[PDB]
Structures are given as structure tokens and as C-alpha cells.
Amino acid sequence: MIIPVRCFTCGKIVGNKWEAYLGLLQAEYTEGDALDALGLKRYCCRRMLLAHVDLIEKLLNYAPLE
Amino acid sequence: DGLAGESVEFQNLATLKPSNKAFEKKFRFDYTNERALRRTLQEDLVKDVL
Amino acid sequence: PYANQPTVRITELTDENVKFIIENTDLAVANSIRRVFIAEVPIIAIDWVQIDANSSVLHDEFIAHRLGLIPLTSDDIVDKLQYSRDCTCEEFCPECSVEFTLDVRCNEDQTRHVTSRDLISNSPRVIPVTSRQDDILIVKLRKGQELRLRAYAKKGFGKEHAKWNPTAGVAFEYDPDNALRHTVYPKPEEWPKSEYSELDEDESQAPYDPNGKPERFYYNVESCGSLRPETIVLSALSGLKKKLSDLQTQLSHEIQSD
Amino acid sequence: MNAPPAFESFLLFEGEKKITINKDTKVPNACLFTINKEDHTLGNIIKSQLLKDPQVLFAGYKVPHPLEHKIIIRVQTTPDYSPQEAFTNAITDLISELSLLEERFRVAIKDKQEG
Amino acid sequence: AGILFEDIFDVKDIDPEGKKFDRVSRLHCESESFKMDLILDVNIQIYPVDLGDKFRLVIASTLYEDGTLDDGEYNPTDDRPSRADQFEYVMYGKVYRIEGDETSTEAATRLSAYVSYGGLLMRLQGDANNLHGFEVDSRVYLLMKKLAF
């Protein structure tokens, strides 16, 4: 739903990389070259950002007010 | 037979199926061969059976 | 019958990881340090969250959980605080805790990224890792939703909860060429070379070395931000040495009292 | 709901002893140390340190159940050496070695940093 | 003493049927003086033997020269001078069988003591005089050592 704070396996903070990683993919980087420009080497940490599906963007569409 | 099943096992009957000569030279106990009995029995038993 | 004289050699030291080599030690001592890096090294982490208003789309416990996993720079504090269960106080103290505070309301039209910039601490030195690179997203609020809470950070180690685990990943390794044949390859050439392999590209594994023990344990300790990667080590050595001294005191009491 | 609280792996209850020596009766000169609220971190360094003692004839450790936080260390020595002092000397020098490893790691840091 | 046997052998065939294990290989030695067979399994990894090697193989009943007949437990801290100090491969086993060419009347001429060294078998198939101190179920040592001639 929202990017986990840490990689489940490793312990490494991946919570601050979802916006940076969606911005690099918007730029032109391929998805494997975005993941190490962010500094994610182990493939344990790399599936946090590849596999993440962001649902909170859909849950924010249901405004309580306005 | 009057026995419970937790204690019986699988054995083999030795006297079924050898043949009428292999049965004899295996279950017979000759007491005549003096040399062979000093191999099996001690000296003071080989006179008692001989 | 006695001790061994280990020697250390740092090969790489950055502010995110240390690679060192320890020589002349037993495999048990070298692996037990590895476990002390992961569990028993104290660190500060949010552990008490009182939620005053939460109207985000996330839970109440989803916020508190994501707040415990935010790493806070413990570096000289963490050795001055006390454990919460040992403070002779009632309801947290500046001497056993650090108080945080998040107050966010989305009033604008765009969505709000509640990040860890919003967690305001009361000590200037225990802050989330923002000092000198984005910030750990906590929620995203919409127009009219909010979050006020106050939270408390106390001292602990990774044996209670993983949130108090100071490392990203510890890379222990010994004997890169299969010299001891501690592992037995069915086809030794399908195996890539270690990073540390003092072997040519011709041969596959080192020839078997019958009388020989492990030494030269290669480590690569990587921090998560909370402690500096050479303070994780200096603290695991002291934390282990202190488990042992305590065991020895309790032992001498058991011996003299029998 | 039947989950044990996580501080139960390191916090000693009220009445529990840290360590507890029991003379073993099957063989002469053998004891069993039972450490509470410990695991393979402390049990493995002591055993490997005791196997360096030449006067120690047996050393081992077990963890009887992993859901329970207790190890047993069985030491047997030669008749001129009690296992009470084998276990003590296995800690004294394990401490001396960890303290020396700390001094050396510290000077190697301050030489790596600008050096 | 306690030397149940003593001889010089030389490896005549190493694992012949193919290598079944990886640290253990069958040596099919033959003797030199008493003209005995041997089928031995050695730890080919910590004591490697190649073909045409010659070794002196002393099967002993004890290790201490005075023949004081130890118990069968392992105690490394021991001062007493042993026979293992002049050999390179010592094993410790248990003779598990003694086959022979007995007939029903006259005695046997060729014996075969099969001893088993913790799992690693051996068969000393010779003639019935050198195989005398061997009786089934008795503890025995191996003591071999390669001759560099």
C-alpha cells in the first residue's frame, strides 16, 4: 500500500526511494539502471522497489471531504 | 494358537525344502566319524557319544 | 591454554560501511561478533506513540509501526541513556527517552507527503536521519486529513525488535577458496570466484589443506544510518565483552556460594 | 495471544539465576553450567575457548529447546583441574582477547581516517 | 608386545571396481614375505596412497609397548610412550569375523580376519599361522607407515 520503510530481508531503508525511483524512470533510466543509481545492490532490496505496488494513490481518491 | 500379534515375527522353517539327502546330512548327527567329533566336541564327550 | 591475538585491517571505511579483516581468531569468536552486530548493539528507536488525531487512510497501528522503523541518529546519546525499564522515574524522562512530535494537516489542494522531516525532536542530537537524499515517507494525506501524535524514543537492541537493529547487512566470509573443504562442490568450476579469492583464473578451488583452521574472516558491516559503521563495531566488541564480564561475576558468586 | 513477550529472551525473571553449576555423576570431574537467558552467542565462544585448554577433556553446549532461553555447557577436565576453573579461565582470556581486538580496531580506524 | 601381525605390503591395485566414496578407497595390497592378501580402506584424503607404494603394516593389540592393554576410551592427555609415535596412519577397529578353509574333519590352512575400523573394513586373508592372535570381537590397531625406500 505504501512503500515499506525497510527491506524485509536486509534492514536497509528503502522508504525514501520510491519517489526518487519513480522520478528516474520518468526521466529515461531503464528500470535496472534506476535501481543501482539509487544504491540498491542486493537483490533482496531490489525487489522491494520493483515489486512494490502503490495502492495509497488509489485510496487517496476517496476523499472524505472535498 | 493362542498368541497375540504384537510379538510374533517372521521366521523360516529349515526342514521344509531341503531334499532327502541335504536334510539328512544336515540334521542327522553321525556319531561314527571319530575325527569330526574331536573338532566339534571336547575330548571327554567324544567318548560318551562314541 | 590461552587467548589468541587477533589483528585487524580496515580495507575500506566510508560513512556507510566498513570492510575489515580479522586474522588469527577462532571461527566461533568471529561469528559471535557477527551476531552481536545484528542483535546486541543499542540504538534509539521510537517505541511509544500516542495518537491524538489520525484521519489518514492508514490505520492507527500502521502509522505507529512505520514510525518505529524510522532510524534515528543515536551516536553519543545512546550510551548515556538508560533502558526504559531501569529508569527510576514514572512516565518517561529526558534521561531515558527522547520525545518526538508530529503535527500535520493537509490544507492545500495537492497531497501531503508526511515525511520524516515532520518529526520534531526535543533533543537536537537524536533526529531522524535527515542531517546531510529524500526522507522516509510516513503517509500521504489528502485535503482535510490529518495526523497529530507524540512519540517517544528509547534505547534497545535488535534482539527485542528488529527496529533496533543498526545494520543493513553484515557480510561475513572466511576461506574464499575451498581450502578447508568446508563446502564441497559437485562441479567446482561452475562456481564464481569470491571477491577475495587469491586464486588465478585457471584453477577452481584451492588444493585441500588438511591441517588448518579458519582465520582471516572478512567482514563488511553496513549501517542503516543510525550508528556510524565503525561505531557498530566498537560497540559490538564492548557489548560482547560486557556480556562476558557479567557472566563471570555471576559465576564467581555461584562458585563461592557452593 | 499465546505469544511470549519479546523481552523474555534476555530479561531475567524474579528468582531465576543467571548461572547454575551441577556436579555430574557419571564421570569424574565433570560439571554442567546452566546459563539462563542466553543463546548461541555466548555459548559458542565459551565452548570453542575451552577446547583450546589442553587440560579439558570434554566441552560442549546445547540449547535444549529454542523456544526456551537456556543453554547447558558440559565441561570435563583432568583430575588436577576442576571445571569451575576451566570455565573461569575460558572467560578471562576470552575477555582479554576481545579487549585487545577492540584496541586494535580502534587504532586501525584512526589510522585509516586520514593516514 | 602385542604385535598380532607385522609385514610389508605394497599397493597393487587401488580402487578397482571404481571409486565408490570420495575420501575412502580400497587398496588391494599383497604382502612380501608371508604372501598375504590385504583389502584395506583408508582415508584417502588425509593419508593418500598411490600405486606401487610400499608400507609397513603392523596390526597390534595395544599401543603401549609393555602391552598393558588400555580400556578403549579416548584420552589425549597421556605421557606414556606409544607405538603410534613411529607410524603415520593409526586406526582402531574390531575384528568382526574369521573365515577359514576348515573342513569337517581336518583344520584350516588359510584364514581371513575381517576387521572393521569404525566402518572402514579390512580383510587380511593369509594362511592359518600368521593369523593367530586374531579372535573375533577383539579390539585391534592398524599402524601403517609408508616406506620411502
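Order of writing sets the chain letters: A, B, C, D and E. Residues in each chain are counted from 1.
Basically, contacts are C-beta pairs under 8 Å (C-beta built on N, C-alpha and C of every residue); 3 or more make two chains touch, one makes a residue touch a chain.
By chain, UniProt protein names: A = DNA-directed RNA polymerases I, II, and III subunit RPABC5; C = DNA-directed RNA polymerase II subunit RPB3; D = DNA-directed RNA polymerase II subunit RPB11-a; E = DNA-directed RNA polymerases I, II, and III subunit RPABC3.
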| item | value |
| --- | --- |
| Mutual neighbours - chains that touch chain A and chain C alike | none |
| Third chains touching both chain D and chain A | C |
| Pair joined by the larger number of C-beta contacts - C-E, B-E | B-E |
| Chain closest to the middle, measuring from C-alpha centroids that were averaged per chain | D |
| Chain separated most widely from chain D, comparing mean CA positions | B |
| Length of the line joining the C-alpha centres of chain A and chain E, rounded to whole Å | 68 |
| Interchain centroid distance [CA atoms averaged], chain D/chain E, Å | 42 |
| Separation of mean Cα positions, chain C and chain B [Å, integer] | 77 |
| Interchain centroid distance [CA atoms averaged], chain A/chain B, Å | 85 |
| Set of chain B residues in contact with two or more other chains | none |
| For chain A, residues contacting two or more additional chains | none |
| Contact pairs between chains, per stated definition | A-C, B-E, C-D, C-E, D-E |
| For the chain E and chain D complex, residues of the former touching the latter | 75-77 |
| Of all residues in chain C, those that touch chain D in their complex | 1-10, 13, 20, 22, 25-29, 31-32, 35-36, 39-40, 85, 159-161, 230, 233-234, 237-238, 240-241, 243-248, 250-252, 254-255, 258 |
| Sites on chain E touched by chain B in the complex | 104-107 |
| Complex interface listing, chain C residues touching chain A | 55, 57-58, 66, 69-71, 111, 113, 115, 129, 133-137, 139-140, 142-145, 162, 165, 167-169, 222, 224-225 |
| Partner chain E, residues of chain D touching it in the complex | 54-55, 57, 78 |
